[PDB]
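*Asks:* Before anything else, here's the structure in question.
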Amino acid sequence: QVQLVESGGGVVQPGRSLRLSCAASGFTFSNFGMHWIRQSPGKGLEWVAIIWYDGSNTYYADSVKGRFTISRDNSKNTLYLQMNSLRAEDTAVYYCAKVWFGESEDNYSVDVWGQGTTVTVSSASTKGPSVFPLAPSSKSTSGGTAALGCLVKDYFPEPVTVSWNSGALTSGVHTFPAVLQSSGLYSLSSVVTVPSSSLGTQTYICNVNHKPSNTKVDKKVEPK
Amino acid sequence: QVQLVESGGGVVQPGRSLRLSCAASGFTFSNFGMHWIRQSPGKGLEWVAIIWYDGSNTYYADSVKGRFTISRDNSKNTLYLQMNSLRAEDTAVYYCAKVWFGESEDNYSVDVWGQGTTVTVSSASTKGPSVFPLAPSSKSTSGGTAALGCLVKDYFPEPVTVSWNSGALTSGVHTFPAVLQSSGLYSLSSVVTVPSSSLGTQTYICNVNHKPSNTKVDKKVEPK
Amino acid sequence: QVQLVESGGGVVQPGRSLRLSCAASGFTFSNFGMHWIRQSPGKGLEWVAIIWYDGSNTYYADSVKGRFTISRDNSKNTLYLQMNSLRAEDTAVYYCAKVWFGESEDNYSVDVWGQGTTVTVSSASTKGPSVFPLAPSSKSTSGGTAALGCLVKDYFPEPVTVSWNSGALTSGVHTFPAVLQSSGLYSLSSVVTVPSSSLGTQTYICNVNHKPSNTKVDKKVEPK
Amino acid sequence: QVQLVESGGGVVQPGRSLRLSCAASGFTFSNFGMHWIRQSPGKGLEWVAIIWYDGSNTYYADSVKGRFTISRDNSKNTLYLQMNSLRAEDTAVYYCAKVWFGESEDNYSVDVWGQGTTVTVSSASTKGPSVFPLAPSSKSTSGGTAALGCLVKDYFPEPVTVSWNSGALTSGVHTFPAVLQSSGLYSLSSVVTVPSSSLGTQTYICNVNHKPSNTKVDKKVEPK
Amino acid sequence: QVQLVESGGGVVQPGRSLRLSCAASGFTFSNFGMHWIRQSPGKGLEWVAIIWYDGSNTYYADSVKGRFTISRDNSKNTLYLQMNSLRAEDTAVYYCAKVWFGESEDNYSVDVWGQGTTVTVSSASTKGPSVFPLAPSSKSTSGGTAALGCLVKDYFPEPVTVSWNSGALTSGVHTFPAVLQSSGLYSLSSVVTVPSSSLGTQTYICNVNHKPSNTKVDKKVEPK
Amino acid sequence: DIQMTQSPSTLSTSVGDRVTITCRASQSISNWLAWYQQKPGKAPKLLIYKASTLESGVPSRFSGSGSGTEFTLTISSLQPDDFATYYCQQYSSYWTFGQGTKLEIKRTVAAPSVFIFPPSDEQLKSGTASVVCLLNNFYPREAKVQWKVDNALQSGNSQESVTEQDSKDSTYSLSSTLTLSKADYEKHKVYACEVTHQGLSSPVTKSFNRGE
Amino acid sequence: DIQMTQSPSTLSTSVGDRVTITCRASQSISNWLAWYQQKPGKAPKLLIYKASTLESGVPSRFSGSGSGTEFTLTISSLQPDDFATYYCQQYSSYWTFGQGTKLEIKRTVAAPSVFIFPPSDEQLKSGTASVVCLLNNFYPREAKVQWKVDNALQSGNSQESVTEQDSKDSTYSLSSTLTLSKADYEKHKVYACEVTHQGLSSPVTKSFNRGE
Amino acid sequence: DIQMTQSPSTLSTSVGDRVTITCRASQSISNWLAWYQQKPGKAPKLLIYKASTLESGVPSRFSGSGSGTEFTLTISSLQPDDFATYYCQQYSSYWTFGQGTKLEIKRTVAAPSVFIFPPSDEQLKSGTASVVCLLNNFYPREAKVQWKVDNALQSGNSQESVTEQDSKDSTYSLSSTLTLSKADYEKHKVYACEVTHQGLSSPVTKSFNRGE
Amino acid sequence: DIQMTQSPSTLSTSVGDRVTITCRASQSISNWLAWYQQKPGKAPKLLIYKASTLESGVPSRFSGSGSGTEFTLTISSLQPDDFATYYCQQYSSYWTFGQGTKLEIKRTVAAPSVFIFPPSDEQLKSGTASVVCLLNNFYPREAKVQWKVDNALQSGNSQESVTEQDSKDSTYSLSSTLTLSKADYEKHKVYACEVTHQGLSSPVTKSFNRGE
Amino acid sequence: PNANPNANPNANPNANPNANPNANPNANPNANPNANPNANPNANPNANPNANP
């Protein structure tokens, strides 16, 4: 069926440029107009640009007009978005989308969205995380259930992977989504509830892995 | 931002033709309709013509219907106005203007005006001015202040520049706007108030310059 | 100025179809709605159909609804009226007409009419006329003035021209309008008053011409 | 002439939705407003909704306001009625109707009604009928005339067809209209008067057919 | 059901302008006329303006004629009231209201009122309050009951919130409505009756909050 | 909400008679009243608007009259095509229809033929017992059917159905169905339907014994 | 369908006169009425719209008045170019024209000259017999022509034709044609046309004998 | 052709004042009215559309009001950047602009200084004689200058020119030029210009004698 | 710029329920409205265009309604695959999306289990102090967590994170992280997080002493 | 509720003269599929001046 594959996203410092591409297959790409639409947690879904099938007419959202340039290569079946003068608020997931086929006098929108590519505009430098134990004790025990965890603080960029005991412990694990702090570094926590009767005998180690920095940390969590 | 630059205006004899052009930049020219609007001291602001974004529909004012032809070249981002069979009353400043963006069922007008180009329809031939002194005397003296000037008569076309003592004297200078006479020649005056105690010793010369005829006249004004 | 030229009218047998066209010039045809209005001696002026500037809305008179179809070609600046299943009472002069420009909430009618084209619905076959002399005598003489003429009977279709002495005699000639007979053939008379003292010596010949049948008849009228 | 064809009706469970359509032909549909009017045995004729020719104004009866939505597609010449949150009392025959043409300040109603489509709102499931004999005996004989019949009980939905001897017996047949029972199932009877001297020798079989369930039952009726 | 939401009210200096809006939902807004009605402590209920469903006719009270302009946007379902040259006596709560549906020859008034928005016309500048203690003592004690409070004086504009001991004390609290002083500043008191045996030992603090100035004051009330 | 009311609900008339039906509104509707004709199993057709304007194609024997709150429809000479149901409709404030007046074919009085049918053994095997009382070829339509089970009047457990006027002789037929449980049915012996009609000098009673 | 009616149908007037024609509609058309001028053998030209708005280019001597159902067109001072036919047209509900009012040139009374012509031998050889009665240079237009065959008035077998007003002297000419079969024509002897006109003190009778 | 009219033509105002200008249409234009600001020697800029919608980038001190045929533009507190000419424009039917309202800088009254200049001998040698009357640094702008030649008022042979408000002191200057042929000039003796202004208690008259 | 608004922002519903969400535009968008469904961590999929046209492949339990400025999306019978976020989008003038409505799995109320973790000595040695308050397995999601340091409420120095609904029991977990400098942290003793939830009759307070 | 047959049948001069940004961006399938006789018949100066290769 229709398939769209975005590529080119990543981390870029403010003021620099970035080129997104969208490879189309499963249909005659040169016969359809295309949209670029972005999604951020702060603004939701937000239309960015539209291009005609032949590139003759292009339109842009007011917040990006003059900075973004949409183009296409119908010989390669590829849609392009050149982004210049990036600001912090442009951090979002960008989707390319295909206009549906309709009648000659109707208004048009998109029917098939691409997979999406993440763009992160930040002046933070690549940095590994600090892993601190959230140690269980009597103050974190209610009945036969206790809670312990690992705090993964001050890393950049997303994402990070967390496993427990090399993956042998998955029942009851809650890894919270990361939050962006005022310092531009992300931080999150991963917690697990365990039987209090197992403390001191069962070994619990959280394994944090961060491919962008090649960080691998095995932190042992001991009770107090 | 949006910029419109008119060109092509000048002096034309009645009955001849003239083609004005308007270069647009800063926006997608092919997506907007355009107006030509003229302004004259006798009639004020007066709409001339409108053209659709694709040129399919054009409209003209009744006073110009059948003589003017509005067109556009979207490949060159240029708006054109071919004016034939010009009459004396067509002398005015012509602006191109961009229709604003609105809703589909609204009525439309213009939001951005061009810089404007002056069109002068007259049978007068290019002619340098006659500069005559308006000499101060006892009848033009009240206390320690006297008034003197230069009368710049019978020149065509507009404009002319007047300076005093090569620009060294600017305080108290009043150059009146030119008035068109029954003979089709323009005429104006330039006056300056000077300390009466300087009469007879300080030399005052008015420098009239008329680029269309390459006229440069330095006229000395002597007291009585 | 505004000009409308109808074409396509003629003689058609009942039950057949006919397509009238109206060529417009002197104004932007695509910006105005149009009417077709017919005029017949029996019913006077009678509105037939109206079409919007873009053809989106059409209306028809009750006597023609379901048989006539009005259309337009804005690329050719041509208005069309397809008439099917014609009846005898549809014989009339058909005019196209231009709607005037007015205010948005006013009701509208027509301001400029076309030249008109004649449509004659009859089962009569093309036939040359029969020319009979109206011979003057003592019973058609009062004083010094006598009357003679030519009767042009049983011809189809309209029109026929009558002249006297190849046009040399025009003073006192009265050619009556044609009348439609029960047989579907037209008939008329042409008369002339002459000085009684010229009878028997001056030769009087009526020249009847009927272009549809290429009939030319020169009938000599002698007194009895 | 004017023709309106309703479609979309059927059996729907309470609380579900259903969309009725009305196809118009024989007139300019886009020039007229339309009504939806329903008819039920309990309430008689009951106006439901009205829509303007362009859809700009819509009005609804109080009993349906907020649940029904009337719309139209002038490009398809189709009138629509989306019915949500159906209640038991909405079971009725629904007609679309065309507003008549009148004067500008008159009040308006409908002149041409559609054919009508039946809507039955019930939670009953599709179920074939039970055919029971109405056996003639001495208690159903008066002179030489006897009465026999068939009882068609507990079927849903409407309708069912009843014939006698494959249609060979039609004189004296009375098939009563169906009645709705407390259980939501329909029931009816069909009776026929026959010569008493024919009982025991002439065979009478009633043929019940119920297309919604593809039920075909031939029930033989024997005397007591 | 019918819902009306006013917005736009606030503090405005005399002589300035202010535009109120009323968003309507739950009914066909374009089918009904609307009223603006105001309520003030000095004049009670006072009709302000009325507008027809299509805006063709508007009427105003005599005290506001020539200064207020009522309008509506049926495409946005919004009612507007432009108030110019506001005077001190225009301070009031403004309600939008919907005309009821009735018969053609009846007189009409309103049935559903909006929520209301407060407009305060004053030349006073935004100013935080002065909190003074109303200290209980032997001179304010009768038996086992004493009275204490806080005086919140010379603040602008409304409103202010008063709590006791961060909300821990609510039994017996009386916060008086604010009064407008000759200086244009508001003032009020908050009092509470307490057991006399608790004076000197139980701590009583009034918490005054004024969001327009971001003022938060916790005043301790001590006996004398 | 303007209420509409038509009188009479049913009118028995003959070909050639002068027919007048009335329609009243709960409040003044000026002259904005329309009359619609409907034949059974067929869509309604417009007859009159503005209370007195005849629709194009409608024969002249129809006429309207009335203004304010009282309106009348008159048929000068009834014809066989005019046997139908007539509804009035105000269109002064929204749209409301009257209950409708049905023009009935008047004929001479004909007494009903009464037949009773007991429940079949198959239905008894199914757990239900329906008893059917039939009135055949009677006029006028008004009749009363009372079910008696061991001389005890039944109420709320019967349903009636009436046919339209027969095309050949303009008579009615009526079926009454008394429904009971098998246990209730077997808890009695005699089952009778009593019928009264204006063509009957005395009520007619048909009855059977369970099992007979 | 709104009917329009103009009065008078024909109005005899003179140069310099003040002319007023009226036009009435079967129902209220508000002010949506237009006036059109048509000269013979030429297309109509618009004079007035909205019942009282003068079309651009129309001289000021034309004026309109009226509202509702009665409208008038007034020419303050008639000029020779204004002799034409004037049509009113409502455009409130579709478009319907009146029959038209023709402005006729008033002149002094002139009695007609009457001539009669019998059928030619050639037409009799063709199987038909046409008899022609000619009225020349008469005014006003109203006249009556009666055919008498052996003192018996004819009806339904004659046709009349009238010319327009002569450009030089504003008179009319009329031809009346009696058509008969050769057998009907030869079954009688005397053939007369009798003419009456308001300019004639006595009726004029012309006659001939068949074969003379 | 919809006519537009603005009032007042000129409004003298001061910084901080509340300004209201009006604009009226010859017919109803609904709300399709725009307001444009133009500073001298510069292109116009859009301020308001739909009679009351503020264009993006326009400070909030501008507001529009009005509907039908009367519209107003209000500036709550005038600022020095707002001294310009304001035009209204209907765009309901084609496009027509008003005459424009110029916002003038209000100041105290200052009487003009009057100077007269006779024709130079060189221009007299050239065949023309120009006499110049100068009014310097006056406010307000309204003044009257009458030429008197041997106590005879001149008409149709003079031209006036007025400067804009000076940026430094908000005063006006006016020049009046009387042009005559050498023969007309030498055929008279006394040449005077008389000036009246609201800041002058009595008219000021300057005069010379030809040759004096 | 057309503003879009969806209501409600979050809707708790159960399998088999009838779900209706609304969407409103700041101005009239005719019928040019589309509905998109998005599942978490997945690309959006088109459900409806023209406000009421079902996209090919979409099950019939989805339906659209609305025109002008108010539109609704209705799911007749909710199924587990339909738990996702739904966005409306006007495409009448450019393209703007609503904020989206997330359909949540409704279940019975379950109070949270609360755990607190103090900063490690190693992180304090690193110069930072993070305090973590954990709420486990609660519903609904709405809860309030207040930090109190020596009974003093904190503001502006904490951040919260919430997981999606657990696939097994549809519960939430919430983490609150208080970050402070070592000097601010060591200048106090007691650190508490207080939790209020609709499933708790009384607020729950957890606290520790610094160093204990 | 019907259409006024005498309403304005002309084209509103003060209509929308811009382009509709939401109009059809796709390629029209039933458009002109043939060659254009009056296309460019001259060789292209800036065509490929090298080998294939």
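Going by the structure tokens order, chains are called A, B, ..., each with residues numbered from 1, while ligands are numbered from 1 in the order shown.
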Within 9 Å of region 144-155 of chain I, counting only C-alpha atoms, which residues show up once you throw out same-chain ones fewer than 2 positions away? Write them as JSON, numbers by chain, please.
*Replies:* {"I": [133, 142, 157, 158, 176, 178, 188, 189, 190, 191, 192, 193, 194, 195, 196, 197, 207]}
*Asks:* Write out the residues from the selection above, keeping N, CA and C atoms, as a CSV table (one decimal), in the first residue's frame.
*Replies:*
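Generated file (again_13.csv):
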chain,number,residue,atom,x,y,z
I,133,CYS,N,8.9,11.6,44.8
I,133,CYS,CA,7.6,11.1,45.4
I,133,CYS,C,6.9,10.3,44.3
I,142,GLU,N,-6.3,12.3,37.7
I,142,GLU,CA,-6.2,13.6,38.4
I,142,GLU,C,-5.9,13.4,39.9
I,157,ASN,N,9.9,24.5,41.8
I,157,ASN,CA,11.1,23.8,41.8
I,157,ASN,C,10.9,22.3,41.7
I,158,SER,N,9.7,21.9,41.2
I,158,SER,CA,9.4,20.5,41.1
I,158,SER,C,8.9,20.2,39.7
I,176,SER,N,7.1,12.8,41.1
I,176,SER,CA,7.4,14.2,41.3
I,176,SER,C,8.8,14.3,41.8
I,178,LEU,N,11.7,16.8,43.1
I,178,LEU,CA,12.1,18.1,43.7
I,178,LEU,C,13.6,18.2,43.6
I,188,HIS,N,17.4,22.6,56.1
I,188,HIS,CA,16.1,22.2,56.6
I,188,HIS,C,16.2,20.7,57.0
I,189,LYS,N,15.1,20.3,57.7
I,189,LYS,CA,15.1,18.9,58.3
I,189,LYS,C,14.0,18.0,57.7
I,190,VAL,N,12.8,18.4,57.7
I,190,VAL,CA,11.7,17.6,57.3
I,190,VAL,C,11.3,17.9,55.8
I,191,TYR,N,11.1,16.8,55.1
I,191,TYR,CA,10.7,16.9,53.7
I,191,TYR,C,9.5,16.0,53.4
I,192,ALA,N,8.4,16.5,53.0
I,192,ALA,CA,7.2,15.8,52.9
I,192,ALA,C,6.5,16.1,51.5
I,193,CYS,N,5.9,15.0,51.0
I,193,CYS,CA,4.9,15.2,49.8
I,193,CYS,C,3.6,14.7,50.3
I,194,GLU,N,2.6,15.6,50.1
I,194,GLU,CA,1.2,15.4,50.5
I,194,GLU,C,0.4,15.1,49.2
I,195,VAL,N,-0.4,14.1,49.2
I,195,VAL,CA,-1.2,13.6,48.0
I,195,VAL,C,-2.6,13.7,48.3
I,196,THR,N,-3.4,14.2,47.4
I,196,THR,CA,-4.9,14.2,47.4
I,196,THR,C,-5.3,13.5,46.2
I,197,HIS,N,-6.4,12.7,46.3
I,197,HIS,CA,-6.9,12.0,45.2
I,197,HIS,C,-8.4,11.6,45.4
I,207,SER,N,6.7,11.7,54.7
I,207,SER,CA,7.8,12.6,55.1
I,207,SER,C,9.0,11.8,55.7
*Asks:* Pull out every residue of chain D that has at least one atom within 9 Å of chain E, counting only C-alpha atoms, and report them as JSON, numbers by chain.
*Replies:* {"D": [57, 58, 59]}
*Asks:* Could you tell me, as a PyMOL selection string, which residues of region 124-206 of chain H DSSP assigns to alpha helix (DSSP H) when given the backbone?
*Replies:* chain H and resi 124-126+182-186
*Asks:* Residues as selected, N, CA and C atoms, written as a PDB file, in the first residue's frame, can you do that?
*Replies:*
ATOM      1  N   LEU H 124      10.485  92.035 -16.484  1.00  0.00           N
ATOM      2  CA  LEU H 124       9.787  93.034 -17.282  1.00  0.00           C
ATOM      3  C   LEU H 124      10.397  93.131 -18.670  1.00  0.00           C
ATOM      4  N   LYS H 125      11.719  92.998 -18.758  1.00  0.00           N
ATOM      5  CA  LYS H 125      12.372  92.954 -20.057  1.00  0.00           C
ATOM      6  C   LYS H 125      11.988  91.694 -20.812  1.00  0.00           C
ATOM      7  N   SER H 126      11.653  90.630 -20.091  1.00  0.00           N
ATOM      8  CA  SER H 126      11.273  89.383 -20.735  1.00  0.00           C
ATOM      9  C   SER H 126       9.840  89.396 -21.242  1.00  0.00           C
ATOM     10  N   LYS H 182       3.311  92.920 -19.787  1.00  0.00           N
ATOM     11  CA  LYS H 182       3.999  94.195 -19.611  1.00  0.00           C
ATOM     12  C   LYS H 182       3.072  95.368 -19.900  1.00  0.00           C
ATOM     13  N   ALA H 183       2.176  95.210 -20.876  1.00  0.00           N
ATOM     14  CA  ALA H 183       1.240  96.282 -21.193  1.00  0.00           C
ATOM     15  C   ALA H 183       0.198  96.446 -20.099  1.00  0.00           C
ATOM     16  N   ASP H 184      -0.319  95.335 -19.576  1.00  0.00           N
ATOM     17  CA  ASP H 184      -1.237  95.417 -18.448  1.00  0.00           C
ATOM     18  C   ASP H 184      -0.552  96.013 -17.230  1.00  0.00           C
ATOM     19  N   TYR H 185       0.708  95.647 -17.006  1.00  0.00           N
ATOM     20  CA  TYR H 185       1.423  96.154 -15.844  1.00  0.00           C
ATOM     21  C   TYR H 185       1.676  97.652 -15.942  1.00  0.00           C
ATOM     22  N   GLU H 186       2.063  98.138 -17.116  1.00  0.00           N
ATOM     23  CA  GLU H 186       2.362  99.556 -17.267  1.00  0.00           C
ATOM     24  C   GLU H 186       1.127 100.411 -17.507  1.00  0.00           C
TER      25      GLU H 186
END
*Asks:* Which residues are close to residue 197 (chain D), i.e. within 12 Å by only C-alpha atoms, leaving aside same-chain residues fewer than 6 positions away? Reply as a compact mmCIF listing (two decimals) with C-alpha atoms, in the first residue's frame.
*Replies:*
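The file below, part-v1.txt, is the result:
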# COMPACT_ATOMS: atom_id res chain seq x y z
CA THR D 141 -70.86 -22.39 9.94
CA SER D 142 -74.00 -20.36 9.21
CA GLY D 143 -76.12 -21.98 6.53
CA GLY D 144 -74.07 -23.04 3.53
CA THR D 145 -71.15 -20.73 4.36
CA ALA D 146 -68.15 -21.58 6.54
*Asks:* If we count only C-alpha atoms, what is near residue 109 (chain H) at a cut-off of 10 Å, once residues fewer than 4 positions away on the same chain are taken out, given as a ChimeraX atom specification?
*Replies:* /H:138-140,171,198-200
*Asks:* Write to file, as a compact mmCIF listing (two decimals), in the first residue's frame, the residues of the selection just made, with N, CA and C atoms.
*Replies:*
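Saved as out36.txt:
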# COMPACT_ATOMS: atom_id res chain seq x y z
N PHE H 138 2.25 81.69 9.81
CA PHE H 138 0.94 81.99 10.35
C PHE H 138 0.19 80.71 10.65
N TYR H 139 -0.78 80.83 11.56
CA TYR H 139 -1.66 79.74 11.95
C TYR H 139 -2.93 80.32 12.55
N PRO H 140 -4.10 79.76 12.25
CA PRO H 140 -4.28 78.60 11.37
C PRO H 140 -4.09 78.95 9.90
N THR H 171 3.97 76.15 11.69
CA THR H 171 3.39 77.31 11.03
C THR H 171 3.23 77.06 9.54
N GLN H 198 -7.56 85.39 10.97
CA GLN H 198 -8.25 85.40 12.26
C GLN H 198 -7.35 85.88 13.38
N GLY H 199 -6.03 85.86 13.19
CA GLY H 199 -5.11 86.42 14.15
C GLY H 199 -4.85 87.89 13.99
N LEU H 200 -5.48 88.54 13.01
CA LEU H 200 -5.28 89.95 12.74
C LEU H 200 -6.56 90.70 13.09
*Asks:* At what distance in Å, to one decimal, does CA of residue 181 (chain I) lie from CA of residue 205 (chain A)?
*Replies:* 27.4 Å
*Asks:* Write out as a list in words every residue belonging to chain D that has an atom at most 9 Å from any atom of chain G, counting only C-alpha atoms.
*Replies:*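 Applying the cut-off to the listed atoms yields residues 102, 103 and 104 of chain D.
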*Asks:* Quick one: residues within 7 Å of region 40-55 of chain B, only C-alpha atoms counted, chain neighbours fewer than 6 positions away excluded, as a list in words?
*Replies:*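 My reading of the contact set: residues 30, 31, 32, 33, 34, 61, 70, 71, 72, 92 and 93 of chain B; 95, 96, 97 and 99 of chain H; 17, 18 and 19 of chain J.
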*Asks:* Between CA of residue 73 (chain C) and CA of residue 29 (chain D), what distance in Å does the model show, to one decimal?
*Replies:*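 Pair CA of residue 73 (chain C) / CA of residue 29 (chain D) returns 23.4 Å.
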*Asks:* Where in region 28-78 of chain G does DSSP assign strand (DSSP E), given as a compact mmCIF listing (two decimals) with C-alpha atoms, in the first residue's frame?
*Replies:*
# COMPACT_ATOMS: atom_id res chain seq x y z
CA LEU G 33 -40.71 47.62 -12.81
CA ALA G 34 -38.83 48.49 -15.99
CA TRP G 35 -39.88 50.46 -19.08
CA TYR G 36 -38.59 49.58 -22.55
CA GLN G 37 -38.84 51.52 -25.79
CA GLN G 38 -38.98 49.77 -29.14
CA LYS G 45 -34.02 49.80 -25.69
CA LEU G 46 -34.11 50.18 -21.91
CA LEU G 47 -35.54 53.45 -20.60
CA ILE G 48 -36.25 53.12 -16.88
CA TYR G 49 -35.58 50.63 -14.10
CA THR G 53 -34.50 55.39 -12.15
CA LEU G 54 -33.43 56.86 -15.46
CA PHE G 62 -38.59 60.73 -19.58
CA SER G 63 -39.71 60.05 -16.03
CA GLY G 64 -41.22 57.20 -14.09
CA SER G 65 -43.56 57.03 -11.12
CA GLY G 66 -45.56 54.49 -9.20
CA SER G 67 -45.33 51.72 -6.63
CA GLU G 70 -49.91 51.11 -10.41
CA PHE G 71 -47.07 52.66 -12.39
CA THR G 72 -46.86 55.51 -14.87
CA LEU G 73 -44.39 56.68 -17.49
CA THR G 74 -44.40 60.37 -18.32
CA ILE G 75 -42.85 62.24 -21.21
*Asks:* Hey, what's within 7 Å of residue 10 (chain G) if we count only C-alpha atoms and toss same-chain stuff fewer than 3 positions away? As a count of residues only, please?
*Replies:* 4
*Asks:* Which residues are near residue 157 (chain B)? Cut-off 10 Å, only C-alpha atoms, ignore same chain within fewer than 5 positions. Put them as a ChimeraX atom specification.
*Replies:* /B:10-11,120,122,124-129,184-186,210-213
*Asks:* Would you save the residues of that selection, restricted to N, CA, C and O atoms, as a short mmCIF file (atom, residue, chain, number, x, y, z; two decimals), in the first residue's frame?
*Replies:*
data_model
loop_
_atom_site.label_atom_id
_atom_site.label_comp_id
_atom_site.auth_asym_id
_atom_site.auth_seq_id
_atom_site.Cartn_x
_atom_site.Cartn_y
_atom_site.Cartn_z
N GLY B 10 6.58 58.76 -16.72
CA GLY B 10 7.32 59.86 -17.29
C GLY B 10 6.39 60.84 -17.97
O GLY B 10 5.19 60.87 -17.70
N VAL B 11 6.97 61.67 -18.83
CA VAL B 11 6.21 62.67 -19.56
C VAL B 11 5.78 62.10 -20.90
O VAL B 11 6.59 61.52 -21.62
N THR B 120 2.76 62.28 -16.02
CA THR B 120 2.38 63.65 -16.36
C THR B 120 2.02 63.71 -17.83
O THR B 120 2.88 63.54 -18.69
N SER B 122 1.02 66.00 -20.68
CA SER B 122 1.03 67.41 -21.03
C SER B 122 1.68 67.57 -22.40
O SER B 122 2.57 66.81 -22.76
N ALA B 124 3.39 70.20 -23.15
CA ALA B 124 4.52 71.10 -23.00
C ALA B 124 5.83 70.38 -23.30
O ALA B 124 6.00 69.20 -23.01
N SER B 125 6.76 71.11 -23.90
CA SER B 125 8.08 70.59 -24.20
C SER B 125 9.03 70.88 -23.05
O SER B 125 8.83 71.81 -22.28
N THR B 126 10.06 70.04 -22.92
CA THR B 126 11.04 70.23 -21.87
C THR B 126 11.71 71.59 -22.00
O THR B 126 12.19 71.95 -23.08
N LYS B 127 11.73 72.34 -20.91
CA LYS B 127 12.21 73.72 -20.94
C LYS B 127 12.76 74.09 -19.58
O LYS B 127 12.12 73.84 -18.56
N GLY B 128 13.95 74.69 -19.56
CA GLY B 128 14.53 75.18 -18.34
C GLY B 128 13.80 76.40 -17.82
O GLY B 128 13.08 77.09 -18.55
N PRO B 129 13.95 76.68 -16.53
CA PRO B 129 13.22 77.77 -15.89
C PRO B 129 13.91 79.12 -16.05
O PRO B 129 15.10 79.21 -16.33
N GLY B 184 0.53 75.50 -19.20
CA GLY B 184 1.14 74.19 -19.07
C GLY B 184 2.54 74.18 -18.53
O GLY B 184 3.17 73.12 -18.51
N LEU B 185 3.07 75.33 -18.12
CA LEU B 185 4.39 75.41 -17.52
C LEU B 185 4.26 75.56 -16.01
O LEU B 185 3.32 76.18 -15.51
N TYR B 186 5.20 74.97 -15.29
CA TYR B 186 5.15 75.06 -13.84
C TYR B 186 5.87 76.32 -13.37
O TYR B 186 6.68 76.91 -14.08
N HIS B 210 17.65 71.84 -12.67
CA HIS B 210 16.57 71.16 -13.39
C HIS B 210 17.20 70.06 -14.23
O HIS B 210 17.65 70.29 -15.36
N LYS B 211 17.23 68.86 -13.67
CA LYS B 211 17.87 67.73 -14.35
C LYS B 211 17.26 67.38 -15.70
O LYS B 211 18.03 67.06 -16.62
N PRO B 212 15.93 67.40 -15.90
CA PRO B 212 15.40 67.02 -17.21
C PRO B 212 15.95 67.84 -18.36
O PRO B 212 16.05 67.32 -19.48
N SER B 213 16.30 69.10 -18.13
CA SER B 213 16.86 69.94 -19.18
C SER B 213 18.32 70.26 -18.93
O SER B 213 18.92 71.02 -19.70
#
*Asks:* Of the candidates H:179, H:110, H:41, H:91, which one gets nearest to chain J if we count only C-alpha atoms?
*Replies:* H:91
